[PDB]
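To keep things clear, I will list the structure first and then write my remarks on it.
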Amino acid sequence: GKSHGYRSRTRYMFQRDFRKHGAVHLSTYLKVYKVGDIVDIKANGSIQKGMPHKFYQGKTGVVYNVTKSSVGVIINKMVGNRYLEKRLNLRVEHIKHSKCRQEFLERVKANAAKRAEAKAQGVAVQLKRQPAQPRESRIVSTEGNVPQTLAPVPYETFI
Amino acid sequence: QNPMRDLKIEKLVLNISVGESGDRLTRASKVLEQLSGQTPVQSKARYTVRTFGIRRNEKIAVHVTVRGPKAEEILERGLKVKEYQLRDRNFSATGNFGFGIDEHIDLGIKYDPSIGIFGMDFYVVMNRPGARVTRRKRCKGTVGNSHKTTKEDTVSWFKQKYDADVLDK
Amino acid sequence: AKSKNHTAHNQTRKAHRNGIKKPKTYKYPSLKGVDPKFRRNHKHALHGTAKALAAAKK
Amino acid sequence: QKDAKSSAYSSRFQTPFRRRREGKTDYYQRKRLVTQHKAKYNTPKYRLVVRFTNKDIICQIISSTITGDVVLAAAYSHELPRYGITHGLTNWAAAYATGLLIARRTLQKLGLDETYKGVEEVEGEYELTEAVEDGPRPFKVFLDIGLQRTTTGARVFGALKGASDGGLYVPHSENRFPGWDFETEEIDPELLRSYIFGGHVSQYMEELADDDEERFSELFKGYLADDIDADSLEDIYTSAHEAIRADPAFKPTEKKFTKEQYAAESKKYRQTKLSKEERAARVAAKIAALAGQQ
Amino acid sequence: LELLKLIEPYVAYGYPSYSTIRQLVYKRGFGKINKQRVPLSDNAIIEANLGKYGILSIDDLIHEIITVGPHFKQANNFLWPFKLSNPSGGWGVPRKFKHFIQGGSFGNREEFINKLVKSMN
Amino acid sequence: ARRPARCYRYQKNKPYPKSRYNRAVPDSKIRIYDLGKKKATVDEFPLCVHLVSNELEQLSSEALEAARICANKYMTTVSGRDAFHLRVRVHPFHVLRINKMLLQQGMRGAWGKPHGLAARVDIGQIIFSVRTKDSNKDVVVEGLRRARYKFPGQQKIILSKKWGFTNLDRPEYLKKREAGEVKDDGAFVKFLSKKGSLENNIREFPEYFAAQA
RNA sequence: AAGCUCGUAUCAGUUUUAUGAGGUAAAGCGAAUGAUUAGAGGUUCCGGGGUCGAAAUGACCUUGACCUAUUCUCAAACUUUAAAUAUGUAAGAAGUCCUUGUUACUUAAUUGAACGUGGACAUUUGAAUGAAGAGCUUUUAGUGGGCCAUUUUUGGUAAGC
RNA sequence: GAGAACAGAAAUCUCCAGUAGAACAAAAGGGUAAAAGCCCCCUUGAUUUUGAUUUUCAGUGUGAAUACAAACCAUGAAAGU
RNA sequence: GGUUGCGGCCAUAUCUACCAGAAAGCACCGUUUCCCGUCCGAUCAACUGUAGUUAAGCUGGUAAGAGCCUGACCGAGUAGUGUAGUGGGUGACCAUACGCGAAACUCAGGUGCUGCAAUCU
Ligand SMILES: [Mg+2]
Ligand SMILES: [Mg+2]
Ligand SMILES: [Mg+2]
Ligand SMILES: [Mg+2]
Ligand SMILES: [Mg+2]
Ligand SMILES: [Mg+2]
Ligand SMILES: [Mg+2]
Ligand SMILES: [Mg+2]
Ligand SMILES: [Mg+2]
Ligand SMILES: [Mg+2]
Ligand SMILES: [Mg+2]
Ligand SMILES: [Mg+2]
Ligand SMILES: [Mg+2]
Ligand SMILES: [Mg+2]
Ligand SMILES: [Mg+2]
Ligand SMILES: [Mg+2]
Ligand SMILES: [Mg+2]
Ligand SMILES: [Mg+2]
Ligand SMILES: [Mg+2]
Ligand SMILES: [Mg+2]
Ligand SMILES: [Mg+2]
Ligand SMILES: [Mg+2]
Ligand SMILES: [Mg+2]
Ligand SMILES: [Mg+2]
Ligand SMILES: [Mg+2]
Ligand SMILES: [Mg+2]
Ligand SMILES: [Mg+2]
Ligand SMILES: [Mg+2]
Ligand SMILES: [Mg+2]
Ligand SMILES: [Mg+2]
Ligand SMILES: [Mg+2]
Ligand SMILES: [Mg+2]
Ligand SMILES: [Mg+2]
Ligand SMILES: [Mg+2]
Ligand SMILES: [Mg+2]
Ligand SMILES: [Mg+2]
Ligand SMILES: [Mg+2]
Ligand SMILES: [Mg+2]
Ligand SMILES: [Mg+2]
Ligand SMILES: [Mg+2]
Ligand SMILES: [Mg+2]
Ligand SMILES: [Mg+2]
């Protein structure tokens, strides 16, 4: 018979990192989680309790609840033709603050700051991110750089 | 150089490998008691061996650890029996040494036919001061190279006092 | 007689006719499975913070 | 020692945490002291850290940050001279003493030192410091033994009794105090009281001097040099609490020389390490010494 | 750019010229007004729809394209996709569904796009 | 027994070596892989010639053997038991299978027993290597050439720019030896690094840092 | 199919930016595990068969095992490393900030925690591109033998299997 | 590995090296070292009440599991568990 | 800058060998009446800081040192790979177009950083 236990196919997913087995460092237990925090889910197979099912490995979601030893996390999950709402009880050992949100908050703090120093000058801001643009015209010089000119190479076995 | 590190007998452990359980083994222990002044400890068989006739977790052998001036005294009594000569064997690379005697009455000790006659092993282990470094709970550590006991060293020790002979090689 | 056993062929086509959407979204979302004591106290912090506002109308 | 470590071994060898190697931190037990009920967020767990060296007694109150442990206040036995304890600087009575000083001192600086008196009476009885209804709650602190054995009658539980009686809330139980008879499963507060005042020490002095004029005169050389009579010991400790609860405040030491001053001498005994340039110069000479078959 | 890439076997593109743009917008310019594809035959229509961003003429439309610039987005979106014919003259190659570098059509043919468009225009 | 090579010439299946899950395979038909003067010093045979696969297939053990013999023999009669070193540079690690039909069973339960071994061999991948003295180039090429006829697919024959089985262009090899950076050993040879511990680096290769010449 | 609530919105089989997850391809084996060719030096003072005084608790021997540094070659159910393609999340009014309200939760603590009052901030208000409108309910037909191609891929010698 | 009367390949007694090459009922995989392994001490959280959740899923059942709430307990100096 | 206590990241920190270490600290160390634990006051417990010593631990320095880290137009734009073709080829397989792109290898640099509190020529 086929075999579809709970931790199937997770031989390498829940392995520890090479030369990173053993006690989980204290940092992990000192990070504080509030509701509305966006957490990254990544199981640690030494902490067997509060484990995320293998689906949620690699998935980010928001804390809806905070408890003695675990956060509750909301995950949107597609089944069939629609996302369903999913509530996960994960111990903190399997959870991490999502850096991408910190890029965002820090940018929001930037964009309020930029906006001030412009009304304090009544000038214009230009606050939206622009994407990487073409390139403007340049004049490269030949001073100390007369173009070495290359040509294709003969065939030659080295074995 | 040579101040601290004066090199001494850490402990002496006498063994009688009786090899069977019951009266013979209670009797062998009593000897070790009647000698060490200590209450000795029984050893259990690590595994069943049929040609020797021992079963797993059977009480087979008894030993007692002696330290301090007593063990220095029971060492001599033995040394006395081996006529103050040992072999360049006996001395382990790590600095400890040992020997064995047949017949325990040969070092003091009345006879007492309700106790009979046992022989016994004599392993004495050597250290210096500063060995608690390897033994304590907190900040356990390893001795330094230019410290710590060896066989060259604790053979010459053995000759210097005891006025002894170590034989062969 | 033997027949085909399984396939996901055509299934994402089917799922994507009028499907995927997103998940439905609300401020004041469900409080399903939140710490019961906290809810209990939240209950009270609300009644109070209500009250106090009607007191500020006379 | 020709048990050489195969380069394989070394390569996939995984070092313990630094302070594990040092045999200082029990990380299994740390994780449980430090960890907060996540729904108390940045409510710091506070630790009563009590360590003994061979000549001193350390008492810190610590909380944990990701970037490091932080101390609210620290007290020592080597402060105790200022408060009248000159000898026996690592015995039980100095442990209680040091446990008291830290108590008074922290929760002085905290502000709850007028409220939460403590005991003042001290018959060494078992009791925690319950909070005053219609008021604050006491500064709660959890003992941190570290690596010390839990033996009944241990020095480290002196500092505990010192701190509890100081009016810190420090959860505990009797059965590791001197006085705890395990047949009885009861505590004889006379023994515990005695210990606070160095009873077990004083007695021995009396037994010694009578029985051994010579040993005593050696073991207790400095009680002689200062005429500390033995049965005056209690009054040293009793008086010392007085002055402790009196002025619990911390005063530093008067330090000759400034930080830089020390430094610029205090390890220009440091061995300065070569530059790769010189190093190569050493390499190329060493050979000529060794080159030529021998 | 990463879009173009994704789509490169199915399209043929390059760098247009005032000429090609001028004639594309004149001859085949239709605006988007409440869906409806409306032909730009009088300047009023652009100004009624693109005036808010400046642009009250057809050459105002053109300029805002060739220069890209600020309301290109809304200018260009206004412009209904151009319905070109098939190339009068031919594709100039045996098979079109290789790359321009390989012997014809599909991919960036750069400032060759003009000769192409003009024959499809 | 033994169905044609044609039934197993292509790398159609993930490698299936003998393993704790595949115990009970028979023994490879080729067992010897080094022969000729296999103990000869690195200096003796400076010339190296290779029999190179130009396809991507599988070579049976039995091919390897058959070709090995046909190589060794022709080499020895024409220049002798000690005039070359022949190294079979490819091992038959992979197991072929037979389903094996004995009314009849059918395509049900078609998983096969082990049938024999082969070597999954690549484009460019060396098959045979030979080392000799330069004055045996042509006798060597024909050893290999005679062997080609025993192997499925186009396999090329190439003159190595290498001093024997070592690496290093022949010129770069002679720099090193006449510098004393090279020390003999079990038929192969060790090299002097500028990496390890100085002491036992000079006790291993005295000749390098020395008066001498 | 019936519509209903609305009306540019929140949308998307897409890119970008930022930040996650992964152990396949490749790679590797003088790195672990498991395989595998070859010598070389050293061991036994603790397996051995002899010759030298039957001598041997003694020598030099070939021979195993073991050790050291090399060497040729491998893995769906080995691996340090480790892609490409795919894949999670985020890119703001349900936001940001300041003031200080509630509570029985929590704190040594008007400390926190949640939810608020009041005040301030709308040109690009927080990337791209598109939008043929978005949202939503009810109900019912058929169907529930499939097959083919490129690519990935399992069994089989293979197959229009 | 080096050492100790009878003691032998194998009894029991030291010391040194030792990242796990061991052990953890069982298949295999993951996980673990002042432990999750070995020895000891105290124990009945293998308990009481009904909810929420994760997997398989129709997001039905069943199994198994996870995190709280409200009791009553066990253990420990304690945090805790 | 030393040193200690509690730490963070957990080898640039570990391994091997040799030296060096002012001052303070830490340590080894002295003792066994007392609470307490041992076959053994060795560990554990208590006591003195008194009799001693930097020998060891610990701290640094050395080493064409083992390991580990960092880099590099070092190998290699290679291997692998997304997309394309009525491309080559009997096939096995390969070249080209638009893209992404490693491992080993080689060489080069490096060998703990750091928070809180205390203390020191
Ligand atoms: Mg299966
Ligand atoms: Mg897999
Ligand atoms: Mg470990
Ligand atoms: Mg469980
Ligand atoms: Mg017997
Ligand atoms: Mg049927
Ligand atoms: Mg069929
Ligand atoms: Mg069907
Ligand atoms: Mg079926
Ligand atoms: Mg190496
Ligand atoms: Mg503990
Ligand atoms: Mg008693
Ligand atoms: Mg036309
Ligand atoms: Mg014409
Ligand atoms: Mg025509
Ligand atoms: Mg043309
Ligand atoms: Mg036939
Ligand atoms: Mg197949
Ligand atoms: Mg079957
Ligand atoms: Mg079968
Ligand atoms: Mg592969
Ligand atoms: Mg690799
Ligand atoms: Mg291997
Ligand atoms: Mg397979
Ligand atoms: Mg997507
Ligand atoms: Mg848009
Ligand atoms: Mg229907
Ligand atoms: Mg239906
Ligand atoms: Mg139906
Ligand atoms: Mg067992
Ligand atoms: Mg298992
Ligand atoms: Mg056991
Ligand atoms: Mg049950
Ligand atoms: Mg004792
Ligand atoms: Mg002692
Ligand atoms: Mg002690
Ligand atoms: Mg030490
Ligand atoms: Mg190195
Ligand atoms: Mg096509
Ligand atoms: Mg083709
Ligand atoms: Mg054809
Ligand atoms: Mg290719």
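Since chain D takes its numbers from Swiss-Prot, the residues it shows come out as 4-297.
Method reported for this entry: X-ray crystallography, 3.1 Å.
Cβ from N, Cα, C; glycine included.
Scan Swiss-Prot for phosphoserine across D:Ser66, D:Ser80, D:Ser235 and the hit is D:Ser235. Per Swiss-Prot, the annotated phosphoserine among residues D:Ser176, D:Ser242, D:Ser269 corresponds to D:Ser176. When the residues D:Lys58, D:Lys143, D:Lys164 are compared with Swiss-Prot, the one annotated as ubiquitin cross-link is D:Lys164. The DSSP secondary structure for D:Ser167 (phosphoserine) is helix. Reported as a whole number, the C-alpha separation between D:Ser167 (phosphoserine) and D:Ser235 (phosphoserine) equals 26 Å. Annotated pair D:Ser235 (phosphoserine) and D:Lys164 (ubiquitin cross-link), C-alpha to C-alpha distance, rounded: 22 Å. Cα spacing between D:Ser176 (phosphoserine) and D:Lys164 (ubiquitin cross-link): 10 Å, rounded to the nearest whole number.
Other Cβ atoms within 10 Å of the Cβ of D:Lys164 (ubiquitin cross-link) number 26 in total over all chains.
The DSSP secondary structure for D:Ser176 (phosphoserine) is coil.
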